[PDB]
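Notes follow the structure.
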Amino acid sequence: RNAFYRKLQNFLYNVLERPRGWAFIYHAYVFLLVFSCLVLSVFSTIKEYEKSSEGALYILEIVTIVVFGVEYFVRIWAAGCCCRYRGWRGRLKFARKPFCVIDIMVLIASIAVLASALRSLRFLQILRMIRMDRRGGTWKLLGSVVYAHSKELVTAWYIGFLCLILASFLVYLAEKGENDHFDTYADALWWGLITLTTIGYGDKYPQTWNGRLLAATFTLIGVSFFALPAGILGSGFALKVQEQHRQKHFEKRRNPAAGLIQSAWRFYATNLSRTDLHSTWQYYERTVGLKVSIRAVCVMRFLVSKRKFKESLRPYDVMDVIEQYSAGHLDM
Amino acid sequence: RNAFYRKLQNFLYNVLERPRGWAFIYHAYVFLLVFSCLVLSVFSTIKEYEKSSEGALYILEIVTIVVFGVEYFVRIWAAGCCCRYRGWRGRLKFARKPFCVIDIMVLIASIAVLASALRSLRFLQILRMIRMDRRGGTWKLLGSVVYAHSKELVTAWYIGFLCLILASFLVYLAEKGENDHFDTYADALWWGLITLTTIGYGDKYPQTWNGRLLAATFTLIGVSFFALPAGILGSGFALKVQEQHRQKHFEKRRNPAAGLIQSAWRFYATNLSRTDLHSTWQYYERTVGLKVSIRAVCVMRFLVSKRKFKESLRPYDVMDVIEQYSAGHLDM
Amino acid sequence: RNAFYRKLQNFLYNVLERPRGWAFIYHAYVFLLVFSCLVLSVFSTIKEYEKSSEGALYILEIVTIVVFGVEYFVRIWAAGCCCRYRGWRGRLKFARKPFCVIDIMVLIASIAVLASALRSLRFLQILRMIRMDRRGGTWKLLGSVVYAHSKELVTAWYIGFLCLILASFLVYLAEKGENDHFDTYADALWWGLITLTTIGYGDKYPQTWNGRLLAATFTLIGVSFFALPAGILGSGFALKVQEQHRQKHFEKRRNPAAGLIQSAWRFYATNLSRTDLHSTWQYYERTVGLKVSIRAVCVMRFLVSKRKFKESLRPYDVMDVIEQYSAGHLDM
Amino acid sequence: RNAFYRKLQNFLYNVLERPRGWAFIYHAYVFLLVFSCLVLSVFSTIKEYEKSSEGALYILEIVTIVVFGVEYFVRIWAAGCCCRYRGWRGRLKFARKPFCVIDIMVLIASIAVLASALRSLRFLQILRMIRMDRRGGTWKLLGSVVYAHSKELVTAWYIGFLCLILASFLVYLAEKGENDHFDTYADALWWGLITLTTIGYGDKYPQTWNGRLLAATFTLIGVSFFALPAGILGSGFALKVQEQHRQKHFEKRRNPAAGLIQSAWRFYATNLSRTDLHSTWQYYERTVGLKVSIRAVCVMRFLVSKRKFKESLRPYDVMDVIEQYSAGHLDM
Amino acid sequence: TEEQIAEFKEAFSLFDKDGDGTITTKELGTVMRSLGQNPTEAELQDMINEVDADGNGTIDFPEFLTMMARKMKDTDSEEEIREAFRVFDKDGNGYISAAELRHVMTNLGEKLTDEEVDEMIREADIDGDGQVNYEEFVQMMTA
Amino acid sequence: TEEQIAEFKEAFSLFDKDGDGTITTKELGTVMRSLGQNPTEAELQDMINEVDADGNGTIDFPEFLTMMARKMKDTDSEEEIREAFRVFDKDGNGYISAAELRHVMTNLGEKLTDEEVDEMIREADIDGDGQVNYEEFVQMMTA
Amino acid sequence: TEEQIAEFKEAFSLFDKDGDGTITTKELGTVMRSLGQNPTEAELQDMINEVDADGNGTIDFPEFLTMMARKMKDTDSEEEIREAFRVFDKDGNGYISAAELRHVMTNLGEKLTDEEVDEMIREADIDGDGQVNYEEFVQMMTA
Amino acid sequence: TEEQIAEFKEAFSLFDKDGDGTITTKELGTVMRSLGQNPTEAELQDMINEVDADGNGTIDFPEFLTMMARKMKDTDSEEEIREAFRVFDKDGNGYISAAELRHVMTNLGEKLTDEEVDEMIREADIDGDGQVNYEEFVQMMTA
Ligand SMILES: C#CCN(Cc1ccc(F)cc1)c1cc(C)c(NC(=O)OC)c(C)c1
Ligand SMILES: C#CCN(Cc1ccc(F)cc1)c1cc(C)c(NC(=O)OC)c(C)c1
Ligand SMILES: C#CCN(Cc1ccc(F)cc1)c1cc(C)c(NC(=O)OC)c(C)c1
Ligand SMILES: C#CCN(Cc1ccc(F)cc1)c1cc(C)c(NC(=O)OC)c(C)c1
Ligand SMILES: C#CCN(Cc1ccc(F)cc1)c1cc(C)c(NC(=O)OC)c(C)c1
């Protein structure tokens, strides 16, 4: 019964490895589990709630260890879906992937801890929360967006830092004498950071007329320029979503891929990797030493098709129509 | 006098059910009414203002009950505008709609309360404020935007949560000894949440040099990444508005709809649902057993027109022009 | 010397009435003047600084009165630039414009005050700051953007209000017993408003574990949904700027306007408004009772050209190219 | 060995003057250096940490002086990369550039200080942080974005200022009698600024029912309109990034530049600037007094090519396709 | 009823020309030509797409019987008619002028005679006031 | 006055050719041809659209009388002229060069003679300095 | 092995026609014509681009030997096949119907016979259930 | 010097054909034809636009003298050459290959001979290493 075997392995690999839709549900539950432990861990640092929180946390951590071990073993097995990780050698290679290594390390660390250790427990909690990515997708996306808007972000950072420095210095001059809040320029800088970030703890605030006037004039610029990086990043994220949506609507690469697969099969059949492959040879002979020439021409057809498919593998919104109309006009 | 009857019923159904323009005015007034009650309800929880606020609130709640009952009855009647909710059976079916059921439930609950009950009064106020939607449009729009930007939102949430955890832990290490604010890691996490959200109550704040330095370095990232989800959602909402505006400008589906209605009438006349329908049969015979063949061909024409109209019922901005130019070029 | 007269009147009308570029410089200075007075007015409400601030404020207010009176008279004179406000009758009609009426009212009120009155002084300051618009451009732009994103704004407002109500109620339940901050549901609502707005005064904050947990879970949603309207409006403003820029780049209405002016002159010459206009009649006769027929055909040409120009007077970005390509394809 | 000389000079000039990629790494390090000093300078204003911080700061400032002097000399040398700053005269002219003048001034000031002076030290730190730009790119970009969205920014500023004034006045009226926080209208304005900016220090907040009701109703508008400028600027920055990306993808100016360089060489060869240039003359004679006519026609060809290249030197997104399709249609 | 089944079988046989137990593309084309309208290859392809569901390239008898059994109530096309009228409902209030329908319907799509658009109005506009309501028409018959 | 009404009636009769009490498309075309310019079917359609308001396909006499009664003050076209000039006002200051108007107006739209654009400038530019102001022209006559 | 080198040399000589030590554009065109398919100038340009790397305008023997030595494992084209199938994977689950491949592959690109797409399915679909998996096909042979 | 002025006058006279004191469009066309390249009406229009500044439709002598006086230092075209090379500078580092310039410059625009692009490289690439620097070329002569 290998058909159901392969179907189950495919489903499990899809759920555990890159998920697309409802598979995330499972992950969410797992995350919740981990999250719960984390929260309980925090409740274990409070003396009043130590008893009940730790009593529940022991059971929840055992459950988490069991779930994570089962998931690790099931992932190792389901890696057989991909022929790259086939057999014992392929499964071991999959287990050698750095994030799977981190997974097994976290599992073994949790097992050891559960067998002063609350510090390592917190460390494992944070580490297994970092584990949620497994691909760097969040980091890669953030880096791409930051790089795209690097110049605007640098503008915002530069002007906001200048505003912070200037406001802090002027309010320090205004408030140094008659305000114990601003005793040193470090206090002024702390106040400026906590004001322009709009956090506004209230531990320090100007109380003179000079200080309040200067704060009023400079805070308006500073708060805006400190909120600017978040706005720039959010708008960049939204615009990236828009362009990705349009590009997805414009995949428009069916025919090059079809030619690619056609010539790939032709190359596979022409080559001597197998001996039973002879019907394609008969088709070639009926559509007309010779065999080696046919092999060479077929592999070159495969290469040209590969390059043509790759060139068209970057469909964009406006350049697509611009180039298409240029081709149409030069045709005219 | 059924013409004025139908006109009045149409106007009332438009105002009560999905409104487009000035109908919302009425709803606003109704909302204000409810809102007023809510505010007065709050003033009734204060001992000093209990007397006057409750005196006004009794009258205002009676007025609200009267208005809502009249509105419910008028909505039940105006549902006759749509032939689906026609007659007593149709009106009862309309009254069976879940949100109308909630409306009548709220009305009956308010009547019972007005006939310790302040708790149920507050519950009814919140429930009838939720009633303002009646369609889930707000929830559906929020869900669509969140799903569209799910990956960017997850990036922001992940990085911001990591920043919160790291900043809280480091400031806890810096401030555990010499700051009663950070007595436990729970206090540190509370401070981190109230800082990175930029709320900044001021009940906890770092007071050491280590704590303030670490807070300065990590708050800049944390506040930005906590404000990121709001910026992403706002930009997504605005971009959705833009694309919806363009698509509305590009409805461009007059002709398929015209063909649809033409063939729909043809199907209605060809079919034996009525006996008086014979002029279309004479037109068909003059434009040339036979009747059943004409019926079949006409209904198939209706089906092809329906499918053609549906296919064109998704007019978009850039794919429209791309496909139109592809058709023009292949014509060339 | 009427050429320099007209040039000076044109420049003054451009500077005072709708300005485009460096004219705003002047307005800025005037605004600064008014602003200065306002600031000094505030310094006059403080007993310690009353003497010096009022001493300077008297002179500054006299200067402001002189400047505003000179500006009002110069505006009345420069209205002669437009032939509509020509002569004494036209100038009086210009002075009858409601905002000019408000200007003269403010001038007379300030003169009377300067001839307990500090209250009316503050009122005049705020009123003359409102005067800065004179056209409603700010209000019209805000209304257009709000209407465009009305549905998204309503979504944000609805969900944020629900979040405020729910968070306030739950934190009230958590904190009613053991926190004097939350003594009544009004206190809870005040805390919720000051938290979700991210203002965070710190006069009220949860201090129990239930309250802090509930606040942590609900504040994350509430702050985002309270910041959402600002993000939506900002993104809408930016997108409106973008589309306006593109449309300005696509005015593309030279030829219809040229035809309009041509046929307008033709209509003016054909009509009997003047008797000396006869060269155009000779041109018509050389390019061939008859005069009335020529007049009629010419005015109808003017009307058709007017309608054609008006139809093209709405150049947009994507509909323009879509319609142009549709015309090209149907030509093909 | 001048080939390696020129290669090294090119690399150094690229790194020091306008950098593109990994060159910024170096700058970052330098910035860090300066930043470190600044931070240590702050730690030198605190009496407790004066000893260690100043001990490290002396060494770090000597290191910074050495690094900046080496960088200045290397920049002066590497300016030889550009033939404009060639020889001693060219190098001196490069050193005469205002920002290089500021660089040498900062270097000399730091040398003098290191040879009460902490004030000048802080001044040099801030000045050398401003030095990070050297081009005004941040200021130019901010100015361009502000000008583009000037009308929307003015709308936001106007409405937010009106909201601040109105909220402050009404809350002052509500709280003047029974709240020492609002003793004067200046206190009310300070509270309004610190609330609508969302800073919320908590030094002043309404405590009456009138004050809290008015604050609740007006804060919702005020906070949004105070956050609006940041959102507008962030969205404008992101949209500018998008349009710049598209335009960069649409440089599409190879052929005009190629013609430009062709005719530039032709003009150089035709002109009598050099005597050895005769092969191009032979090519012209073989492709057919005469020499002066050839020179004139060639320079005019250069001028026409220059103008054609300049006209196409502004490739945009939608106008490009609009004009291209207009040309295609008029061709048809 | 058996009479309706017999009539449908007779109709299928009339459509059938070569007696292969199915209605082919050529039979659809010739019946289209007989009706008066000249067919097109794409038109017959849409014919088959609407009728055929098993993907055989022709039309079978049980599918025709089932489709003829499906009356308006099984078409779930109320929303389609609503959208079509909304496209026709320029103002969006829910009122359509009789004259505009008469002038466009006879000059767009499968145009009909003036009396046929008079029947349009009569069937849709129950009150016969010349103001057609979209919802009343979509729900009166199809629903 | 009665004389103007009689003149308008005479003009309508001259436009009238078949004596049907209305001016038809063919009459508009033939008068256009007589004037010297060859008309077009779309041009006559715009003719009727401007004149006709009742939607009868022709032109009646009372409509022509009313339209001729409407002088510049009833055209509410001041904003249209302002927009046209602003399109012509490349700089936007409010000054237009005489030479540009002379060269373009005689090479765009219903082009006229050089003396007619001289009259353009004379009527618009009151001071006759060669610098035309848009607002002065739009308000001097139409307003 | 030496036998494979000799066979490759014989193949190169067969491709060689004028005996210049290289395969030119005309030789590629004539071998294309002999195979049955009529070549094109752009097709031969792509020929040279794939083969030629030194930019000489022709094809040399060592390059052909090296390319023939490169078997599937050196093609690094697993991602290309994955992307091609994902483009074919309309649902994205990872399952492709046999019938769709049979109908499209024989009507798109370098179309082949029905038995050749049967071989497609047999090679890709190991279990022979008619449901092709993209990852299994991309990794089974190329990887 | 007077000799240069006399030479410029002789050149203008040679350009002059009908002796009207100016160089007209037809004279530009005939000199273009004599040079070997067939001119175009748009090409002569650009001719006049570059030369003419007063807007007379022809070319006068003082303008030609002044333009010939303007050597590279008055062209302010350094940025134009920099932008052209940056467009040529695909990598953006500041290095351009000699072979690419040889192949493109002789197949784009007013194409020249191989020796002329060799002279390109020699003049631009001072060190003669085959790697052209854009800034060195733009500043060496024009600046
Ligand atoms: C504006 C301002 C201040 N700065 C710049 C700055 C900071 C320290 C310096 F020493 C010098 C310059 C700043 C501001 C924010 C919000 C962030 N966070 C962020 O961007 O998240 C994405 C950062 C990373 C820097
Ligand atoms: C921490 C964090 C963010 N969250 C959870 C979260 C989201 C919203 C909340 F409001 C609260 C918690 C998160 C993070 C990642 C990387 C993933 N991706 C994943 O694991 O799939 C492999 C998912 C599925 C969720
Ligand atoms: C960044 C950050 C923190 N997080 C993520 C997070 C929270 C708790 C976890 F336990 C784990 C991850 C976060 C932040 C905000 C503003 C919101 N609110 C929101 O998005 O409104 C639309 C939410 C829902 C989550
Ligand atoms: C989200 C949230 C709360 N609400 C909605 C709300 C308020 C009171 C109710 F009684 C009911 C619903 C809200 C929030 C903001 C920021 C604003 N200000 C604004 O939009 O400026 C443009 C407004 C006008 C309303
Ligand atoms: C809204 C509001 C208040 N105002 C307007 C205002 C201020 C003072 C007046 F006296 C009059 C009008 C305001 C607000 C912000 C955030 C900023 N900062 C900014 O834009 O950074 C880019 C500025 C520069 C002004």
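Going by the structure tokens order, chains are called A, B, ..., each with residues numbered from 1, while ligands are numbered from 1 in the order shown.
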Distance limit 6 Å, reference ligand 5, atoms considered: only C-alpha atoms and all ligand atoms. Which residues make the cut? Give them as a list in words.
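I would give the residues around ligand 5 as residues 220, 221, 224 and 225 of chain A; 156, 157, 158, 160, 161, 225, 226, 229 and 230 of chain D.
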Could you take the residues named above and write them with N, CA, C and O atoms, as a short mmCIF file (atom, residue, chain, number, x, y, z; two decimals), in the first residue's frame?
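Just written: again04.cif:
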data_model
loop_
_atom_site.label_atom_id
_atom_site.label_comp_id
_atom_site.auth_asym_id
_atom_site.auth_seq_id
_atom_site.Cartn_x
_atom_site.Cartn_y
_atom_site.Cartn_z
N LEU A 220 7.24 68.99 17.61
CA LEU A 220 6.40 68.78 16.44
C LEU A 220 7.19 68.17 15.29
O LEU A 220 6.72 67.24 14.63
N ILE A 221 8.40 68.67 15.05
CA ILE A 221 9.25 68.09 14.02
C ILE A 221 9.78 66.73 14.46
O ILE A 221 9.82 65.78 13.67
N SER A 224 7.29 63.68 14.38
CA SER A 224 7.01 63.30 13.00
C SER A 224 8.19 62.55 12.39
O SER A 224 8.00 61.52 11.74
N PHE A 225 9.40 63.05 12.59
CA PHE A 225 10.55 62.39 11.98
C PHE A 225 10.94 61.10 12.68
O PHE A 225 11.62 60.27 12.07
N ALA D 156 -3.33 69.20 6.81
CA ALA D 156 -3.17 68.53 8.09
C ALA D 156 -2.76 69.51 9.18
O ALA D 156 -3.31 69.50 10.28
N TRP D 157 -1.79 70.37 8.88
CA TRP D 157 -1.31 71.32 9.87
C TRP D 157 -2.42 72.28 10.29
O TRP D 157 -2.59 72.56 11.47
N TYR D 158 -3.17 72.79 9.32
CA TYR D 158 -4.24 73.74 9.62
C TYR D 158 -5.30 73.10 10.51
O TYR D 158 -5.67 73.65 11.55
N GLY D 160 -5.14 70.36 12.32
CA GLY D 160 -4.61 69.95 13.61
C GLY D 160 -4.37 71.12 14.54
O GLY D 160 -4.59 71.02 15.74
N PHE D 161 -3.91 72.25 14.00
CA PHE D 161 -3.73 73.44 14.84
C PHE D 161 -5.07 73.96 15.33
O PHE D 161 -5.19 74.35 16.50
N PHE D 225 -4.91 63.96 13.44
CA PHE D 225 -4.41 65.02 12.58
C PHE D 225 -2.99 65.44 12.93
O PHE D 225 -2.32 66.05 12.09
N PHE D 226 -2.51 65.13 14.13
CA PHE D 226 -1.11 65.36 14.46
C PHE D 226 -0.22 64.25 13.92
O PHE D 226 0.94 64.49 13.59
N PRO D 229 0.77 64.32 9.38
CA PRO D 229 1.96 64.72 8.61
C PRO D 229 3.00 63.62 8.48
O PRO D 229 3.57 63.44 7.40
N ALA D 230 3.24 62.85 9.54
CA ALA D 230 4.20 61.75 9.45
C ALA D 230 3.73 60.70 8.46
O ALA D 230 4.52 60.18 7.67
#
Which of stretch 41-71 of chain G fall in helix (DSSP H, G or I), as a PyMOL selection string:
chain G and resi 41-51+61-69
Could you save the residues just selected, with N, CA and C atoms, as a PDB file, in the first residue's frame?
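Saved the output as part_5.pdb:
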ATOM      1  N   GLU G  41      17.051  31.879 -38.656  1.00  0.00           N
ATOM      2  CA  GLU G  41      18.290  32.579 -38.335  1.00  0.00           C
ATOM      3  C   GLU G  41      18.395  32.854 -36.841  1.00  0.00           C
ATOM      4  N   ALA G  42      17.296  33.283 -36.218  1.00  0.00           N
ATOM      5  CA  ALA G  42      17.300  33.477 -34.771  1.00  0.00           C
ATOM      6  C   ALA G  42      17.523  32.156 -34.044  1.00  0.00           C
ATOM      7  N   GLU G  43      16.963  31.066 -34.572  1.00  0.00           N
ATOM      8  CA  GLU G  43      17.174  29.762 -33.954  1.00  0.00           C
ATOM      9  C   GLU G  43      18.649  29.378 -33.982  1.00  0.00           C
ATOM     10  N   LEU G  44      19.328  29.622 -35.105  1.00  0.00           N
ATOM     11  CA  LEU G  44      20.755  29.322 -35.177  1.00  0.00           C
ATOM     12  C   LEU G  44      21.573  30.277 -34.313  1.00  0.00           C
ATOM     13  N   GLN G  45      21.118  31.524 -34.167  1.00  0.00           N
ATOM     14  CA  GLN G  45      21.786  32.444 -33.254  1.00  0.00           C
ATOM     15  C   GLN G  45      21.708  31.937 -31.820  1.00  0.00           C
ATOM     16  N   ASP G  46      20.537  31.445 -31.410  1.00  0.00           N
ATOM     17  CA  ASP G  46      20.410  30.842 -30.085  1.00  0.00           C
ATOM     18  C   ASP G  46      21.256  29.578 -29.974  1.00  0.00           C
ATOM     19  N   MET G  47      21.292  28.777 -31.041  1.00  0.00           N
ATOM     20  CA  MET G  47      22.234  27.670 -31.151  1.00  0.00           C
ATOM     21  C   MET G  47      23.634  28.102 -30.725  1.00  0.00           C
ATOM     22  N   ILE G  48      24.176  29.097 -31.427  1.00  0.00           N
ATOM     23  CA  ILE G  48      25.542  29.546 -31.173  1.00  0.00           C
ATOM     24  C   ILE G  48      25.670  30.095 -29.757  1.00  0.00           C
ATOM     25  N   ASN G  49      24.673  30.856 -29.300  1.00  0.00           N
ATOM     26  CA  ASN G  49      24.739  31.428 -27.958  1.00  0.00           C
ATOM     27  C   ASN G  49      24.833  30.336 -26.902  1.00  0.00           C
ATOM     28  N   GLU G  50      24.033  29.277 -27.042  1.00  0.00           N
ATOM     29  CA  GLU G  50      24.116  28.160 -26.108  1.00  0.00           C
ATOM     30  C   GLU G  50      25.479  27.487 -26.185  1.00  0.00           C
ATOM     31  N   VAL G  51      25.953  27.212 -27.400  1.00  0.00           N
ATOM     32  CA  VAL G  51      27.209  26.486 -27.551  1.00  0.00           C
ATOM     33  C   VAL G  51      28.397  27.419 -27.352  1.00  0.00           C
ATOM     34  N   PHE G  61      35.150  22.255 -31.114  1.00  0.00           N
ATOM     35  CA  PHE G  61      35.025  20.860 -30.708  1.00  0.00           C
ATOM     36  C   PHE G  61      35.139  20.688 -29.195  1.00  0.00           C
ATOM     37  N   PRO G  62      36.128  21.307 -28.537  1.00  0.00           N
ATOM     38  CA  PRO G  62      36.235  21.123 -27.079  1.00  0.00           C
ATOM     39  C   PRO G  62      34.987  21.553 -26.331  1.00  0.00           C
ATOM     40  N   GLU G  63      34.334  22.629 -26.776  1.00  0.00           N
ATOM     41  CA  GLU G  63      33.099  23.057 -26.128  1.00  0.00           C
ATOM     42  C   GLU G  63      32.018  21.992 -26.259  1.00  0.00           C
ATOM     43  N   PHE G  64      31.885  21.400 -27.447  1.00  0.00           N
ATOM     44  CA  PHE G  64      30.901  20.340 -27.637  1.00  0.00           C
ATOM     45  C   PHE G  64      31.214  19.139 -26.754  1.00  0.00           C
ATOM     46  N   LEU G  65      32.491  18.756 -26.675  1.00  0.00           N
ATOM     47  CA  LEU G  65      32.868  17.633 -25.823  1.00  0.00           C
ATOM     48  C   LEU G  65      32.521  17.912 -24.367  1.00  0.00           C
ATOM     49  N   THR G  66      32.866  19.106 -23.882  1.00  0.00           N
ATOM     50  CA  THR G  66      32.575  19.449 -22.495  1.00  0.00           C
ATOM     51  C   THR G  66      31.074  19.458 -22.237  1.00  0.00           C
ATOM     52  N   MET G  67      30.296  20.030 -23.157  1.00  0.00           N
ATOM     53  CA  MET G  67      28.852  20.091 -22.960  1.00  0.00           C
ATOM     54  C   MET G  67      28.243  18.694 -22.941  1.00  0.00           C
ATOM     55  N   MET G  68      28.678  17.821 -23.853  1.00  0.00           N
ATOM     56  CA  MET G  68      28.193  16.447 -23.838  1.00  0.00           C
ATOM     57  C   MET G  68      28.596  15.735 -22.556  1.00  0.00           C
ATOM     58  N   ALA G  69      29.764  16.070 -22.005  1.00  0.00           N
ATOM     59  CA  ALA G  69      30.159  15.499 -20.722  1.00  0.00           C
ATOM     60  C   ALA G  69      29.197  15.909 -19.613  1.00  0.00           C
TER      61      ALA G  69
END
List as a ChimeraX atom specification the protein and nucleic acid residues lying within 10 Å of ligand 2, with only C-alpha atoms and all ligand atoms counted.
/A:15-20,23-32,35,126,129-139 /B:150-151,153-162 /C:217,220-221
Taking only C-alpha atoms and all ligand atoms into account, which of C:152, C:320, C:61, C:54 comes nearest ligand 4?
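That would be C:152, the residue with the smallest distance to ligand 4.
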Please identify all residues of chain D having at least one atom at most 8 Å from any atom of chain H, considering only C-alpha atoms, and return them as a PyMOL selection string.
chain D and resi 3+81-84+251+253-263+265+279-280+283-284+287-289+292-294+296-297+300-301+303-304+306+310
Considering only C-alpha atoms, return as a PyMOL selection string whatever protein or nucleic-acid residues lie within 12 Å of stretch 38-44 of chain A, sequence-local ones (same chain, fewer than 2 positions apart) excluded.
(chain A and resi 31-36+46-61+64+117-129) or (chain B and resi 165+168-169+184-190) or (chain C and resi 209-210+213+216-217)
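If you measure from each of C:143, C:206, C:200, C:211 to ligand 4 using only C-alpha atoms and all ligand atoms, the closest one turns out to be C:143.
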Chain D contacts on chain B, only C-alpha atoms, 9 Å, as a VMD selection string:
chain B and resid 198 to 202 231 235
Applying 6 Å and only C-alpha atoms, which residues near residue E:59 remain after dropping the ones on its own chain fewer than 6 positions away? List them as a PyMOL selection string.
chain E and resi 22-23+52
